[PDB]
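A.B. asks: Let me begin by handing over the structure; questions about it come next.
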Amino acid sequence: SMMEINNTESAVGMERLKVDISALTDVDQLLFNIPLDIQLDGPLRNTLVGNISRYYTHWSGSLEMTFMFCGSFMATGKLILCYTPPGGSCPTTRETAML
Amino acid sequence: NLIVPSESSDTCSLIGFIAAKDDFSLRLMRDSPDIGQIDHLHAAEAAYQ
Amino acid sequence: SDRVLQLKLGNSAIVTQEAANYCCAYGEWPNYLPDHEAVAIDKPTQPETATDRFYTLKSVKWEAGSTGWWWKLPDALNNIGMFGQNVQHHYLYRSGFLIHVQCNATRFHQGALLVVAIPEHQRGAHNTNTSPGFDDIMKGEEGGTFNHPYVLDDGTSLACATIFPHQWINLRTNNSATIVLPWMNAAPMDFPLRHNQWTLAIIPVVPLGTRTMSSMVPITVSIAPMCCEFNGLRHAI
Amino acid sequence: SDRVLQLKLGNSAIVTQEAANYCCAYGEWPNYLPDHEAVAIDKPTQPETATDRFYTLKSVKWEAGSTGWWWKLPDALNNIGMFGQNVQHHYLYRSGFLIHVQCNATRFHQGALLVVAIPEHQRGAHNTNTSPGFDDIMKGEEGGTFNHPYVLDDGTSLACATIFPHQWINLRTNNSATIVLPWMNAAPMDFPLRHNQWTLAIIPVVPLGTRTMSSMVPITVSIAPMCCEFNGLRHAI
Amino acid sequence: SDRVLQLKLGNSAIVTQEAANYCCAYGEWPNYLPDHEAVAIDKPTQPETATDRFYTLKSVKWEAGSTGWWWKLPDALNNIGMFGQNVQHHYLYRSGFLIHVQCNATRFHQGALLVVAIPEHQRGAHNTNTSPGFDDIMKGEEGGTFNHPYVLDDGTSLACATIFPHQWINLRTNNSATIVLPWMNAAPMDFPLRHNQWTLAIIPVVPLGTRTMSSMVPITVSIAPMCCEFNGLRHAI
Amino acid sequence: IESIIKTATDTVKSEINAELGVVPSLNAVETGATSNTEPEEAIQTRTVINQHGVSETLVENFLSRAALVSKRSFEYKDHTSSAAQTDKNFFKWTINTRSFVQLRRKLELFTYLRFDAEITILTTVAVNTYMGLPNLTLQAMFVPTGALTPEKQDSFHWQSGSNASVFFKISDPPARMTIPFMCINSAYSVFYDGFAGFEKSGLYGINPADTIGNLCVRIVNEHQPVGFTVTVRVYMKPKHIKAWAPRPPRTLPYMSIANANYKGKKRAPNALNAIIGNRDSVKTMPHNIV
Amino acid sequence: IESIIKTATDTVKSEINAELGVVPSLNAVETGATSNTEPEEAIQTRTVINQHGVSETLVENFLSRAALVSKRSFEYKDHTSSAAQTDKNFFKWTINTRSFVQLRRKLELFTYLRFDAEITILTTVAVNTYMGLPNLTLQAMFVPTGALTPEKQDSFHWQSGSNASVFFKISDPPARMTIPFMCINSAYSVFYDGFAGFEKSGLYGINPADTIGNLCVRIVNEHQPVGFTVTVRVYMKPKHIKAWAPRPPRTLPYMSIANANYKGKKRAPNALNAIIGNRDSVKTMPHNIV
Amino acid sequence: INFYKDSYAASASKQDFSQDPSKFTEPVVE
Amino acid sequence: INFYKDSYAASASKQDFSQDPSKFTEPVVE
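Protein chains in written order, with the deposited numbering: chain A, 51 to 149; chain B, 199 to 247; chain C, 10 to 246; chain D, 10 to 246; chain E, 10 to 246; chain F, 1 to 128, 134 to 295; chain G, 1 to 128, 134 to 295; chain H, 29 to 58; chain I, 29 to 58.
Below, the structure written as structure tokens:
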């Protein structure tokens, strides 16, 4: 079920359910990040995994993030989707995050 | 990089999805903090009339 | 292999070449009502090829600020062909549906449609505590337009609407979606003029966008009833 | 069938869809050092998934008058992750490499990259008889740029450089190249801070060209060490 | 026979000649985490000889009015060698410890040390109801000094502290103590930067005394981690 | 394929993979199917024998919690000068699950429900000076939907020829009844996309087959010289539950019990145009470790 | 080696011993081992068949005693002019075993504990003239740690959709619930040598996995014209107990519930520098027979 | 413990461990 | 007497007469 990764102001309604990526002129650039707290009101709260889990207090098990690209057929590109186990800050550069 | 030609729209979109796997488990049940009321709903007094 | 698909029902056929693997709702396929679940004791009419065939509705213009479209079943078909004549001459009704939604564009277009079939989609109204009326619900062949598709016009959520039988038309992948629906009711048969078992919702999650020449992009809906039964023959209302 | 490829090492994975059949260097695949070829008598550390994983370097801008790029191994990885910590805390070193190079563009772009892995690429300098210094050779993570890639910066030839383990990224065919490298040395293990066994060279044989909108085209290098051994534990330099 | 003991872990060895029979904590010996008790699903790194080796800390001066010394584990080793690099690059952690404490003097010296390993030694502060802060607890390699070792700095008692895994260094009998610790936690793995499973406490129950020439008597602590696992590879904090 | 799942599933160890023609991490969202990429195929795993049971998320356990469905306070006194719109020592209640929103959102996670409902009735009393709390006898009579309900405390409809009554006291344990599955269909319609009459002027969304009945509760005692305030709380617990076709949970607040109308809150969270509270950018982390 | 011990062990007779090379009374304290000198080896013994059972010092028996963990008195009255820091006909309590020191020192004889806790709740009431004691209904709702707790007596959080509530009266026997072993680990940490957050500003020694939950208790009744003082005592009894790694008992008095801070008494016994009360010399006998 | 003559009077039936997630997660036909 | 459907609801289990004092009194290895 869809994540509201675009939970910002000036994203009104259905614009919150998609992330707009563009062509950039610098390398190794951050696009978005997702906080993984399911109790806390983040992108994962209004999901099927997020609503049923807030009826409970303890949770365990693996998750999956599926991303569908909705550009044109002509659009090419490559992304890296990094998961960072906890401990420090959220990684802001690609050198730090791909570890 | 996101590389498009001149007739593709230069800003493209992703949609993110999340599920749980089959090793997922939940326990200790509580009421949801997602719904709540500070008053009776409309027409709830009409169920007593 | 899963992209090409010919659907042949009655005298109607649809070939597609840019499809996804089609969706059978809840793993179920339509069938006729068996004897151990039957209620009405008279012999039903099973008109088959006269009613089990694709019915194509009026296309809708996929535009810039579209919010979405909905059709309620069997209300969208109650006046079309010999399905609508069997509906109007009978009291009871039971069938499944094979919904096929068509939308193509060029390879320079982008956009994603959520084509979702919702059971018992009781709607809500916005900023009032009066229930929706008859004309807000029973649109017919033209269907309706979503007012707030982000909450599915019922206070719930579009994000969690993938719990329902759905597909996507992502314009870089496919150009058609196919959902096979069985009978979805608490009763085995039903009066077709006051109750809708399924709502086909088509929702612009990613809007239409290109920088090539502007063409009209239509979204066409073909609905085939499957395994129609009709009980309670009388006159026509 | 040979165009789709998932490479899974450690917690790192790379799916590609527009690839070629990947290259194993000299028909060889990496392995650990066997007992009949071992020299150092202490027990080596084999950290596996902590070091046998893809390490992505900084991307380079494929531009108009690019000459080429080179990275020397293991010098390009000696300060990255737990590979660089095992390098700096040990005297000896042995591993192979799985190099994956990424470069995509539109279907209106043209260009060809020679992605070639060179063993013992001793460089030369131009128009002087003084040898290249330490800083000319040991660039690190950023790597270097070819000065005269037509002679491979060593007096030899780019034309005959297909004798080395190589692939091509022709932009109308593929968008990735994959070379699996074994251990390539005269010694079974080696001191990683003063010797490079492999040089990854990426060379514009056909330059980038299009007449559509100008986008930045990057060339990304992911290198996974394979079957790392480390002998001679001490402090870190 | 029980007085001589060589402990060989990795490239580190310790021979002693004036020892006691060593202590395995609660009759248990360290092991790796088995599959029926595992929680984290990724493959752990087991660096073995790079981390399963003695780490010698800074010696402390056994003086006249010493109260005692404590080191918290794994906090005392989180920045030392390749153990500290595997700690800082991973989220999870599991190991046991082989603690060897050294203190010798002449045959004219007297004194007794209680070398006791305490699980989950939550400390208390004196004459205040504010909890101890981060810097009171997470000393690191230098460790700390007991303020009131008669109550073990937590309101309990030194007299009953022989319920914990302990040995003695009585200077007329032995000059070393050896305690083998397993993994001691309610969880199978743990985040090593915010939780300490063991505290090594060394306490002057009988003070140092002689009437010969005054020499400095040091107390040296060598700690070998045993059967290290690390899960959750990321960058370093 | 249907199987029996008592614990969560185990993890198998995996190795280095490098195969052409096989891409398990790539998927097709467009088919409507959830991704079948296993964690063994994305990372290198170890063997984990997972012993975590799954019995607390069973639909029987998820729904069989006794929840408040009715709460009615009425003045128990001599009602001669009281207005006719008040509860003159008795009330009537059409049994619904819509009035209190914890059970409502929980039952509206499904399209169809078949359950038996056990009904606990908790009566509490307060003095309306203080001289003590009386041990009153209450009668809760179950009247079917649309049938004749009493108009007085001492009406002759309370004699209960065939209507089931429970007589219970305040000092007792609370009265507990099991109401069966009483729908004329094979399941209750939690949502009803239709109109319940053959004319075009009926109510939308309200199927009277879904309605259990009326719950007429009186105090059998006559009035004392002083007044008392009697609060009757009714608790419903579903049991023997089958559930069909799950739904998105309701995000916006409920407005009415008659319909699924929505307004939303004024700001995020749970606003109409913003269900999740806002952050500064898509590359802003809200609770970032410093 | 592990064996089954139901009674204390028997004594065997012994004789005159005079053997070279064998010294069983000499020992090595320095190894950390307790002396294994048996009484047969130190004196001459007789045969004693010891029938003294050992079942009362079992850790199950030693800890499964119902002990007071909470005691809260609140004024039960009309709360309109009462201050907002008071208990307006309800209280909240984070469940801990630290507040009362008999159970605390007894549970802190161990490093790790795995137990199920049965919870007895004893409500008692007093008139705040005398006209009688009301038979009030109380609701104790179990809220998990950190979740939403009610802010009013008549708040809509008391409807208990999925939170387990117990409704009970003062004239009943006390309400008794079993709370399971609810830790996310395999044992509770009675002591926690760590910090519970990823930042350097968390609390030391407090692991929130050790915390059972909140216990929100209200009176379901409305206020009478007079006030009452209601005391709610909560009793915890551990059961099905496993215990690991025993500890020295606490000698000094407890200062706080948040930590293991110590002050000691001013004089011996249980002072900081003197746990045992003093005698005159080491060769002075305190209770010497005359 | 059920001494009532009706089957619906019984306690809750918490032994239904049959799952079929594939009717929601893989409803596709091939 | 346990008529509850959960195993932790049962009474206290006072039949665990297994001891091992040697893990505290003789933890030495030889």
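C-beta: ideal position from N, C-alpha, C; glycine also.
For residue 199/F, would you say it is in contact with chain D, using Cβ-to-Cβ distances shorter than 9 Å as the test?
C.D. replies: no
A.B. asks: What does residue 55/H reach in chain C if we use C-beta pairs closer than 8 Å?
C.D. replies: 32, 33, 34, 35, 36, 174
A.B. asks: Quick one, which residues of the segment 43 to 77 of chain D are near chain E if we go by CB-CB under 9 Å, in chain order?
C.D. replies: Cβ contacts with chain E come from 51, 52, 53, 54, 55, 56, 57, 58, 59, 60, 62.
A.B. asks: How many Å lie between residue 146/C and residue 193/C at the Cα?
C.D. replies: Each residue's Cα considered, the two are about 19 Å apart.
A.B. asks: Shortest alpha-carbon distance to residue 20/C belongs to which of 170/C, 90/C, 198/C?
C.D. replies: 90/C
A.B. asks: Looking only at C-alpha atoms, which of 198/F, 142/F, 154/F sits nearest to residue 163/C?
C.D. replies: 198/F
A.B. asks: Where does residue 88/F land, buried or exposed, given buried means 16+ other C-beta within 10 angstroms?
C.D. replies: buried
A.B. asks: For residue 204/B, return the contacting residues in chain D, with the cut-off set at a CB-CB distance below 7 Å.
C.D. replies: 221, 222
A.B. asks: Excluding the five sequence neighbours on either side, which residues of its own chain have a C-beta within less than 8 Å of the C-beta of residue 49/F, listed in chain order?
C.D. replies: 10
A.B. asks: According to DSSP, simplified to helix, strand and coil, what is residue 221/E?
C.D. replies: coil
A.B. asks: Can you tell me which residues form a DSSP beta bridge with residue 173/G?
C.D. replies: 143/G
A.B. asks: Which term fits residue 278/G, buried or exposed, when burial requires 16 or more other beta carbons within 10 angstroms of its beta carbon?
C.D. replies: exposed
A.B. asks: In chain C, which residues lie less than 7 Å from residue 260/F when you measure between Cβ atoms?
C.D. replies: Simply 138.
A.B. asks: At 7 Å on the CB atoms, spell out the chain D contacts of residue 201/B, in chain order.
C.D. replies: The contacting residues are 113, 114, 115, 224, 226.
A.B. asks: From the DSSP output, in three-state form, read off residue 249/F for me.
C.D. replies: Residue state, collapsed to three classes: strand.
A.B. asks: In three-state DSSP terms, what is residue 17/E?
C.D. replies: strand
A.B. asks: Out of 273/F, 80/F, 267/F, which one is the CA nearest neighbour of residue 96/A?
C.D. replies: 273/F
A.B. asks: Output the residue ranges of the alpha helix (DSSP H) runs that lie fully inside the segment 35 to 105 of chain F and measure 4 residues or longer, sorted by chain position.
C.D. replies: 39 to 42, 59 to 63
A.B. asks: If you draw a straight line from the C-alpha of residue 84/G to the C-alpha of residue 157/G, how long is it?
C.D. replies: Using only the alpha carbons, I get a separation of about 11 Å.
A.B. asks: Classify residue 215/C as buried or exposed, calling it buried when 16 or more other Cβ atoms lie within 10 Å of its own Cβ.
C.D. replies: Label assigned to residue 215/C: buried.
A.B. asks: Could you check where the beta strand (DSSP E) with residue 119/F kicks off and where it finishes?
C.D. replies: Here the beta strand (DSSP E) through residue 119/F covers 110 to 127.
A.B. asks: Report all residues from its chain with a CB closer than 6 Å to the CB of residue 284/G; omit the five preceding and five following residues, and keep chain order.
C.D. replies: Here the set comprises 291.
A.B. asks: I'd like to check one pair, residue 40/D with residue 11/D: are the Cβ atoms closer than 9 Å?
C.D. replies: Contact: no.
A.B. asks: Just to make sure I have the definition right: I need the residues of chain G whose C-beta is within less than 8 Å of the C-beta of residue 226/B. Which are they?
C.D. replies: 149, 187
A.B. asks: Quick check on the DSSP output: the beta strand (DSSP E) that includes residue 220/F runs from which residue to which?
C.D. replies: 219 to 224
A.B. asks: Give me the chain A residues within the contact set of residue 52/F, using Cβ-Cβ distance strictly less than 7 Å, ordered along the chain.
C.D. replies: 110
A.B. asks: Run through DSSP, which three-state label would residue 36/D get?
C.D. replies: helix
A.B. asks: Listed in chain order, which residues of the segment 93 to 110 of chain F have Cβ atoms closer than 7 Å to some Cβ of chain G?
C.D. replies: 100, 102, 103, 106
A.B. asks: What does a CB cutoff of less than 8 Å around residue 200/E pick up in its chain, not counting 5 residues either side in sequence?
C.D. replies: 100, 101, 102
A.B. asks: Are residue 212/C and residue 186/C touching if we call contact CB-CB under 9 Å?
C.D. replies: no
A.B. asks: Thinking C-beta only, is residue 122/C closer than 9 Å to residue 322/C?
C.D. replies: Missing from the structure shown is residue 322/C; chain C here goes from 10 to 246 and no further.
A.B. asks: Rounded to whole angstroms, what's the CA-CA distance from residue 114/C to residue 184/C? Just pull it up for me.
C.D. replies: For residue 114/C and residue 184/C, the distance between alpha carbons rounds to 8 Å.
A.B. asks: Taking the straight line between their C-alpha atoms, what separation do you get for residue 34/E and residue 128/A?
C.D. replies: 53 Å
A.B. asks: Which residue wins for smallest C-alpha separation from residue 239/F, given the options 25/F, 71/F, 82/F?
C.D. replies: 71/F
A.B. asks: Taking the alpha carbon of residue 94/F as the point to measure from, which residue in 107/F, 112/F, 69/F has its own alpha carbon closest?
C.D. replies: Ranked by Cα distance from residue 94/F, the first of 107/F, 112/F, 69/F is 69/F.
A.B. asks: With 9 Å as the limit, tell me which residues of the segment 98 to 109 of chain A have their beta carbon closer than that to any beta carbon of chain K; keep them in chain order.
C.D. replies: This model lacks chain K altogether, as its protein chains are A, B, C, D, E, F, G, H and I.
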